[PDB]
Amino acid sequence: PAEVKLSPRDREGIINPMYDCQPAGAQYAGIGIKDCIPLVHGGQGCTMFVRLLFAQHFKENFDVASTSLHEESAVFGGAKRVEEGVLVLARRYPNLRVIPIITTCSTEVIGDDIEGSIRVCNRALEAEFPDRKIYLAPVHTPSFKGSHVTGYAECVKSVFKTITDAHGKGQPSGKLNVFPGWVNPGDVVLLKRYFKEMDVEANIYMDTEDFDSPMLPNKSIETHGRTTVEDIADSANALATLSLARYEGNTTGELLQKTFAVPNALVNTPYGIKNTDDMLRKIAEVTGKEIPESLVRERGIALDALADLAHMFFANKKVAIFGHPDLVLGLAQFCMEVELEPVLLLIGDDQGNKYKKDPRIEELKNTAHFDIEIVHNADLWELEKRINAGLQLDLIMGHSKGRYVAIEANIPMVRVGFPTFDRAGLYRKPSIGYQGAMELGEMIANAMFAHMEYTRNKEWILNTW
Amino acid sequence: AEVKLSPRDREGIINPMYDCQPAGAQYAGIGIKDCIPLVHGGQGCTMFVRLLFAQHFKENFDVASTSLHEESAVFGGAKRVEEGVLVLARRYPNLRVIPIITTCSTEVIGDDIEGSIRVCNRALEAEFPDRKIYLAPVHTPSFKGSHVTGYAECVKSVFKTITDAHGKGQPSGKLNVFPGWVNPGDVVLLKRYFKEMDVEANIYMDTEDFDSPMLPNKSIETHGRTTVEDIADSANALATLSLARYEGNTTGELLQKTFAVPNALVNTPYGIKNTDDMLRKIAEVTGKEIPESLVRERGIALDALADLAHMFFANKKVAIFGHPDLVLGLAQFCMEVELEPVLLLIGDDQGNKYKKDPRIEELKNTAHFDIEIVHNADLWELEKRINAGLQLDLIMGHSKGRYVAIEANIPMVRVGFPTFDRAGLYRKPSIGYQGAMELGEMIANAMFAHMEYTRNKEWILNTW
Amino acid sequence: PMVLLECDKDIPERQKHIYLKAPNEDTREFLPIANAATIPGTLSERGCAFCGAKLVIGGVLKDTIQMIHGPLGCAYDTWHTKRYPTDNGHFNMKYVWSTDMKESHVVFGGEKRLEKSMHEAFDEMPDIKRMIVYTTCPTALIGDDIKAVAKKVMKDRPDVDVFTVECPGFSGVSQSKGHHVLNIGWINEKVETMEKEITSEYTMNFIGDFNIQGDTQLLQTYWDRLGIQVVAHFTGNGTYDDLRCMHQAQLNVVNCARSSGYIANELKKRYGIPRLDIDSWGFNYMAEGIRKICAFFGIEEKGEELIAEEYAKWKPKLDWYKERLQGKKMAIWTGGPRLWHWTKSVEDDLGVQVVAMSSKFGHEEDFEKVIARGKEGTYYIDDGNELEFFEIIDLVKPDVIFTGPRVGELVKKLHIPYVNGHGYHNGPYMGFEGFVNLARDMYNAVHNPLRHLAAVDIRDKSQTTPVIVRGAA
Ligand code: CLF
Ligand code: CLF
Ligand SMILES: [Mg+2]
Ligand SMILES: [Mg+2]
């Protein structure tokens, strides 16, 4: 019988890392907050390289500051660099409200007391700016543990703890909290539409829609996170939390349940049809609202489109998928709905104890008719080496830092997850939901079609399908 | 420095760009609710066109044949029309509209379509007293024009038929909109624009539901949404907005002559300026302001195109083929993003009209590179010019040109009709601001994949 | 005078870093402070010392494992970000290596973790025999002895050669310190450890060129035409072993005197090899450079044949661009040297006015050079930050900004176009052809319909949408 096997990378070192380090993910969490400038306590590269990474994915600038740790502070302590950095930010950015103070390998190794610096800064800020409130959140993100996925989740949780500690529980809002995880602006646009069509009030944490900002006649800069202090504080007042990503915000939903008795509902990340269906069923359950006819229609249009592709072009084609764990596991399920065979799943960090318990692994074990290898703690050399050793793949799905693997092996690749810098506009295209499943399926087919043309592999067949 | 119009220099065609008139008339008709066109001619004239629509849309559309056979070629085919109408009416109880589309055969033999319509009207009134079926005569000989002209003729004839029957009533306050031959995605964009600008409008024909769901209840919803009532109400509109000179403007003029509904023909809204000017015309005729939401969509489109234009597009040479409104509009879009459309191919015998198109002058006054516009073109014209040394970086056209691009190793973006060799393109807008953005990003993504397959500076796709 | 910008009222120390050149001043009284500590919290453009070693210099090499001893982020962050092709399939851009430091290694030491990672890298790619190992913030802090580990690996693997760099990010103040440590370690440890065959009467090293979009390969067409053997390129399209041979050259030609002046200085001191500084950007600059190289070697006529052919090929296109770019205003916000390589070359060859310049990490030497060559009324900024860029834009109103892509994407919102002053748009930009490439991208950036369209508010009844007529050389 077919076997779904979990295995670790068998090397100590990394070649071609799948993810960045924790502080990068904490920066990504923070840039989704309005009137927020994260402050990365460590050497300058820890900031500047991540600002470049976000420019690669989004083709936009995001504001993140460094504490500029130098030799003196590496030897004698960096608290004064934190403290000066906070004050320089507040003095030069009058509308600044939130500063996640993100540690790095350096400042974790030397043991700077971030909570003590925050007390110093709160004192200093209260004296200098008696009419402002600036929220300083301690974010402990040593890069020698976890990855950007864990750092994202840690920063969301710390910021929510900080803001809700200050505000507490108050008037019930009647809204859902929604933690979609690390998704694109197009994913956020699709979720907002779903809630609007279902007549469900919701805050999406973080609201990154406006990362795709206009070039306007008045030259105004609108490239900002839309989640406010007020939105975050109101999370204590929600009817329920819908957590879409076990590794990308569910721990914040759990904290709000523990602290404020907001019930948390973790569902499978909504990649593919069944996972979207079950997300909408959970929203209906928690809210008492009906699923609208408009979503039945969108679902039906997606199924119509995928039916043009599945047995003709996808059946029995083997796929490798890499990316964030919620995305890898969700896309594996989507692939099987359209008769693709996801034979190799690669997840890129040290969280294997958690992944072994993910219920979607069992869901795959109970459905797959082909062997699946799930490599955890994987790097992208694990994919390249397996292709070199003879693994036959028809498709790769992953982010752009794997591009050379696909190019050299002459395998079509669909760009998913983060970062997708080597194609245009993908941050605007949904991947989740019904429309997203349709868009993903058509991206797969179109990549295969172009490959058939370039390789002259039955290219004449693209006429009467 | 020179924009030159020239005809194809061969009498024959190799690799035709367009189908014949009746195919275009069929396309017009399938956008009407409770309509089954009846194509009066041999069986291939129907079945091949139903297949063409299945290629583009991946859907069935209902069109019937009169099944002209040998006896009718000797004695005339009127009885095949008359039978075909009754057999439709008897077997499709909800049928309301039958455009009766002629073909080369039935134009050559001179069947009297209007005489057959009088017979069928009498028969139908006697047999179905509580039913009204509108029979529209559509004269579409294939030995002139093309599916473009046939589209325009059918729209006009259906509108004449239905408005003749109902005449002028109470003012509707709505616009009439003739977008021309566009995709369901283009219709979805236009509906959003009118909704955001608080402008009531009928879009003729409304083909949104051609992209129909596969539903739990097994219902078939693959239909045109434009009704008899919607067409009849065109007489009562505030104004007509015609987006396509060759694809429905002549119906806008007919409604202006017959019912004093003022027609406004504008450049087809490919690219930013043409979209801007369309919206200004809507504002002028309705008195409604252009909403902030469209300033923002425009700005998002410009932001995206600005990531592409000087880095990847500037000085790249483009050939474009397709319907004349699409070719001329895409040439203007290309120049906005620094592409150089050096070869425009338009596929039919309407050169005496194209020579007067104001967009030619807009190109002659703008371009800094020679442009050759070949009218009465086939797709061999493109292939032969490439074989003779024309250097192109991009082709934009429909899927029947695919082998030209494949063999020449030139990236190609699929636009216009039919686009059967890629998935989902009928759902993606090409017009408007979002459409300009989507077109530009298809261009870039086609270039990017080409760079990877050909190992042409493929390392550069990192920090653009 | 020196300038206190409004956005710097609460960090008034920045006045000593910003000079506005005015008539009759003795510029010796107005030299910006440079290469001093960064102010925390400013959104300085600076990067780290590790970046200067691995990303900028060592990582250019085509045949060398780049083993980053640290947690995974420093590796991730230096991969898919540079444009330095090679003639072996771009090995340097396809791969990055990390020791994947974990907490246990912080507590108990990372030397065995490095040693294992090095053996794995050599085992996974048996045809690669050269490696540079870099420290990062935490491996520096815990005192791992990477030289000792490298020596043990070399003993156990006689096929390999390893170089080590101690370059944590907090060293120095910027990328600059990584340049220094790498240069000095390379000449102390690896120069004079190999020789190559000398195949010309005329030999040189080309020092301080990193093959951005093929710059080095373009310049090599000149050296091949002139019959000059390049012993080593430091480090564009280079090999580890070529760099071991640098002591053999007769001449060191320097372009990037900031990153690579150190090794030229030490090669002159130790081996007597003269240092010749040139500008390998700029059309008339390139000619001067070739004439100096040829005068040194006594091959003046060969140099004049090359120059005459290159002018005949490229000068008419360059002059077409000058006609359309004359009087345009440019800003240069890059590392430092391109400010002094470009301010007077774009002025001389394209008629372009550089109105504002910012250096991430330049030294006072770099400011001496740029202010010598630059214009009056121009701003000269050491260690510029984001709010300063906005205020400078208001002051000088540039038509184009040469800067990195993220800042380009920021100033786009202000309808100001950019050219990538680091990785180029459509390069190479060095040499005669390269300056035409640079001019073409500048031209297409500013003469761009999208800028004009973005300015139009379609709600304004008084406004129309314009059409802009462009050109091509
Ligand atoms: S200033 Fe430079 S890039 Fe920064 S750590 Fe230091 S050498 Fe490196 Fe590394 S793993 Fe991530 S990115 Fe940092 S927190 Fe550490
Ligand atoms: S039954 Fe067969 S396909 Fe029909 S015409 Fe006759 S041989 Fe030909 Fe031709 S041009 Fe068009 S498709 Fe017709 S109307 Fe004439
Ligand atoms: Mg369908
Ligand atoms: Mg943008």
Side-chain angles (χ1 to χ4, degrees), chain A residues 153 156-157 160 164 169 171-181 183 187-207 231-232 234-303 326-327 329-330 333-334 337 357-364 366-367 430-437, chain B residues 213 215-217:
Chain A
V156 174
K157 187 160 68 82
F160 272 67
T164 65
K169 199 178 178 79
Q171 180 157 176
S173 67
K175 303 188 184 185
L176 297 183
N177 296 326
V178 182
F179 292 97
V183 299
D187 299 307
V188 171
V189 166
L190 175 147
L191 285 169
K192 287 180 177 185
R193 182 179 67 257
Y194 284 23
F195 293 121
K196 184 177 180 174
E197 294 184 349
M198 201 154 171
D199 197 26
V200 169
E201 293 256 65
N203 288 311
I204 299 168
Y205 298 122
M206 306 303 184
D207 178 358
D231 299 334
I232 293 169
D234 214 18
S235 71
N237 302 313
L239 174 60
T241 301
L242 181 70
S243 292
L244 304 186
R246 178 176 285 255
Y247 309 99
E248 311 164 357
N250 186 59
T251 56
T252 300
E254 290 175 324
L255 181 59
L256 296 172
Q257 181 174 303
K258 183 182 172 62
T259 307
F260 299 116
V262 176
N264 186 50
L266 176 58
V267 298
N268 284 2
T269 317
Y271 288 103
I273 308 299
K274 177 170 170 48
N275 290 326
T276 300
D277 294 349
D278 289 337
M279 176 191 75
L280 288 170
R281 288 187 177 98
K282 181 59 67 176
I283 296 160
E285 178 189 3
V286 302
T287 64
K289 304 261 166 79
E290 63 188 79
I291 297 170
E293 184 174 3
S294 57
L295 291 177
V296 175
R297 183 186 181 70
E298 185 185 307
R299 182 178 185 278
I301 290 175
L303 290 170
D326 281 293
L327 172 143
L329 298 172
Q333 302 174 293
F334 165 60
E337 292 173 346
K357 301 178 300 200
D358 192 301
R360 290 171 290 196
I361 299 313
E362 192 70 22
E363 293 167 358
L364 290 171
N366 289 336
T367 50
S431 299
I432 65 170
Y434 303 126
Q435 183 190 167
Chain B
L215 291 167
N217 71 0

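Here is how names work: the chains are called A, B, and so on, in the same order as the sequence lines, proteins then strands, and each is numbered from 1.
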At what distance, to the nearest 0.5 angstrom, does CG of A/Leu303 lie from CD1 of A/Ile273? 4.5 Å
How about NZ on A/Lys192, more than 12 heavy atoms from neighbouring residues, nucleotides or ligands closer than 6.0 Å, or not? yes
Within this structure, what is the CZ-CG distance for the pair A/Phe334 and A/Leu329, rounded to the nearest 0.5 Å? 15.5 Å
Give a yes or no on whether the ring-centroid distance for A/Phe160 and A/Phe179 is below 6.0 angstrom. yes
Check the pair A/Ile291, A/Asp277 against side chain to side chain contact (heavy atoms under 4.5 Å, CB included), reporting the backbone distance first and the verdict last. CA-CA 10 Å; A/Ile291 297 170; A/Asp277 294 349; over 6 Å; no
Taking atom NZ of A/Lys282 and atom CG of A/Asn268, what is their separation to the nearest 0.5 Å? 11.5 Å
Show your working on side chain to side chain contact (heavy atoms under 4.5 Å, CB included) between A/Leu239 and A/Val286 and close with a plain yes or no. CA-CA 8 Å; A/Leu239 174 60; A/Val286 302; 5.5 Å; no
Do side-chain atoms of A/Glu201 reach the backbone of A/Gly174 as a donor and acceptor pair under 3.5 angstrom? no
Is it true that, when you exclude A/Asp199 itself, more than 12 heavy atoms of the residues, nucleotides or ligands shown sit nearer than 6.0 Å to its CG? no
Heavy atoms of other groups near A/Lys196 NZ, more than 12 under 6.0 Å: no
Can you confirm whether A/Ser431 sits close enough to A/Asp187 that some side-chain heavy atom of one is under 4.5 Å from a side-chain heavy atom of the other? yes
Over all atoms of both residues, closest heavy-atom pair of A/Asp234 and A/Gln171: OD1-O, 4.4 Å
So, for A/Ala245 and A/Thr269, which heavy atoms are closest and what is the spacing to 0.1 Å? CA-OG1, 4.0 Å
Supply the atom-to-atom distance A/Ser173 OG to A/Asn237 CG, rounded to the nearest 0.5 angstrom. 6.0 Å
Closest contact, heavy atoms only, A/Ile204 versus A/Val188: CD1-O, 4.2 Å
Reported CG-to-OG1 distance for the pair A/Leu256 and A/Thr241, which is rounded to 0.5 angstrom: 5.0 Å
Let me see the working for A/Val267 and A/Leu242 under side chain to side chain contact (heavy atoms under 4.5 Å, CB included), right down to the final yes or no. CA-CA 7 Å; A/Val267 298; A/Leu242 181 70; 4.1 Å; yes
Check the pair A/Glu363 / A/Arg360 against salt bridge (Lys or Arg N to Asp or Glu O under 4.0 Å), numbers first and verdict last. CA-CA 5 Å; A/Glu363 293 167 358; A/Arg360 290 171 290 196; over 6 Å; no
Using only atom types and a distance under 3.5 Å, with no angle test, would you say the side chain of A/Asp326 pairs donor to acceptor with the backbone of A/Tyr247? yes
List the steps and the verdict of salt bridge (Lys or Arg N to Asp or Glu O under 4.0 Å) for A/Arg297 and A/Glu197. CA-CA 12 Å; A/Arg297 183 186 181 70; A/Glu197 294 184 349; over 6 Å; no
Tightest non-hydrogen contact, residues A/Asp231 and A/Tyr205, listed as O-OH, 2.7 Å
Using side-chain heavy atoms (C-beta onward) and a distance below 4.5 Å, is A/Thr276 in contact with A/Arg299? no
Pair A/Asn177, A/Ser235: side-chain N/O donor-acceptor within cut-off below 3.5 Å: no
Would you mind reporting whether A/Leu191 and A/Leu244 have side-chain heavy atoms less than 4.5 Å apart? yes
Residues A/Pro292 and A/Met198: closest non-hydrogen pair is CD-CG, 3.9 Å
For the backbone of A/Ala236 and the side chain of A/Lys169, can you confirm whether one donor and one acceptor N or O come within less than 3.5 Å of each other? yes
Run the salt bridge (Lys or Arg N to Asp or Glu O under 4.0 Å) test on A/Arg281 and A/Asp278 for me, step by step, so that the C-alpha distance in whole Å, both residues' side-chain angles and the decisive distance to 0.1 Å come before the verdict. CA-CA 5 Å; A/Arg281 288 187 177 98; A/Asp278 289 337; 2.8 Å; yes
Just how far is it from atom CD1 of A/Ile301 to atom CG of B/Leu215, taken to the nearest 0.5 Å? 8.5 Å
Exam field: side chain A/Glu254 to backbone A/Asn264, donor-acceptor pair closer than 3.5 Å: no
Criterion side chain to side chain contact (heavy atoms under 4.5 Å, CB included) on A/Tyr194 and A/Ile283, from CA distance to verdict: CA-CA 10 Å; A/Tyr194 284 23; A/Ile283 296 160; over 6 Å; no
When every non-hydrogen atom of A/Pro270 is compared with those of A/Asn275, the smallest separation belongs to CA-CB, 3.8 Å
